[PDB]
Amino acid sequence: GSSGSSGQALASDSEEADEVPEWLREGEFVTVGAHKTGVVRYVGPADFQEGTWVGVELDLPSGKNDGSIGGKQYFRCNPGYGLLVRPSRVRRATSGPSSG
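Structure determination for this PDB entry is given in the record as solution NMR.

Going by the annotation in the PDB entry, the name recorded for the protein is Kinesin-like protein KIF13B, with Homo sapiens given as the source organism. Its PDB title, taken directly from the record, is "Solution structure of the CAP-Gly domain in human Kinesin-like protein KIF13B".

All right, on to the overall build of the protein then. Scanning the protein from terminus to terminus reveals zero helices and seven strands. Against the globule reference of 13 Å for 100 residues, the protein gives a C-alpha radius of gyration of 17 Å, more extended than a compact globule. Dimensions of the protein, computed from the C-alpha atoms along their principal axes, are close to 55 × 40 × 25 Å. The burial tally for the protein puts 24% of its 100 residues in the buried class. Taking as baseline every contact in the protein between residues at least 6 positions apart, the subset at least 24 positions apart corresponds to 44%. When the accessible surface of the protein is summed, it comes to about 7800 Å², and 42% of that surface belongs to carbon and sulfur atoms. Distance between charge centres in the protein, computed from 10 positive and 13 negative side chains, equals 7 Å.

Core analysis: the biggest nonpolar cluster contains nine residues, these being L24, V30, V40, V54, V56, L58, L83, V85 and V90. The contact partners of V54, leaving out residues within four places of it in the chain, are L24, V40, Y42, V43, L83, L84, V85, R86, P87 and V90.

Right, let's get into the sheet that holds strand β2 (residues 37-44). In space, the five strands of this open sheet follow the order β6-β3-β2-β1-β7, with antiparallel pairing throughout. Strands with a single pairing partner mark the edges of an open sheet, and in this sheet they are β6 (83-85) and β7 (91-92). As judged from the three bridges shared by strand β1 (residues 29-31) and β2, these two strands associate in the antiparallel manner. Counted as the bridge partner of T31 is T37 from β2.

Phi at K36 is positive, roughly 55°, even though this residue is not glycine. Mapped onto the fold, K36 is located in the loop between β1 and β2.

A separate point is the pattern of salt bridges. Summed over all chains, the structure comprises two salt bridges. Between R86 and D18 there is a salt bridge, with its nearest N and O atoms 2.9 Å apart. Of this pair, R86 sits in the loop between β6 and β7 while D18 sits in the segment before β1, and the two are 68 residues apart along the sequence. Take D18: its relative accessible area is 34%, and that puts it in the partly exposed class. As a salt-bridge pair, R25 and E28 come within 2.9 Å of each other at their nearest N and O atoms. We classify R25 as exposed; its relative accessible area is 53%.

Calculation criteria
- Residues numbered from 1 in each chain as written, not as in the entry; some residues may be left out.
- Heavy atoms only, no water.
- Helix = DSSP H or I, 4+ residues; strand = E, 2+ residues; numbered from the N terminus.
- Rg over C-alpha atoms; globule rule 2.2 N^0.38 Å.
- Buried < 20%, exposed > 50% of the residue type's maximum accessible area, 1.4 Å probe, protein only.
- Contact = heavy atoms within 4.5 Å.
- Areas by Shrake-Rupley, 256 points an atom, 1.4 Å probe, with all protein chains shown as cover.
- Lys, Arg positive; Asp, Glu negative; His and termini not counted.
- Charge placed at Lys NZ, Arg CZ, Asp CG, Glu CD.
- Core = buried A, V, L, I, M, F, W, Y, C linked by side-chain atoms within 4.5 Å.
- Pairing = 2+ DSSP bridges.
- Salt bridge = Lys/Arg side-chain N within 4 Å of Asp/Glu carboxyl O.

Structural data, given as structure tokens:
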């Protein structure tokens, strides 16, 4: 068993945490694994859960929390157009190569 490519690249595979990227911030376009795209509206820890959370606004109806969760609110826009996921569930999009 030997393919064309070969070699190791030890980088990150020991300390797995919820590190919050630098690009992550309010007014920043991003995408999710299974939650479509959405702009960041909130970025900070929670009260019910530990770690760091990221409020992503979904232009389309497919979220869970209508701006607030378990009482406490973070962002308000419309019922059925809000969601809050961890940084791990958020990636940079930077869409708009030519058009907008």
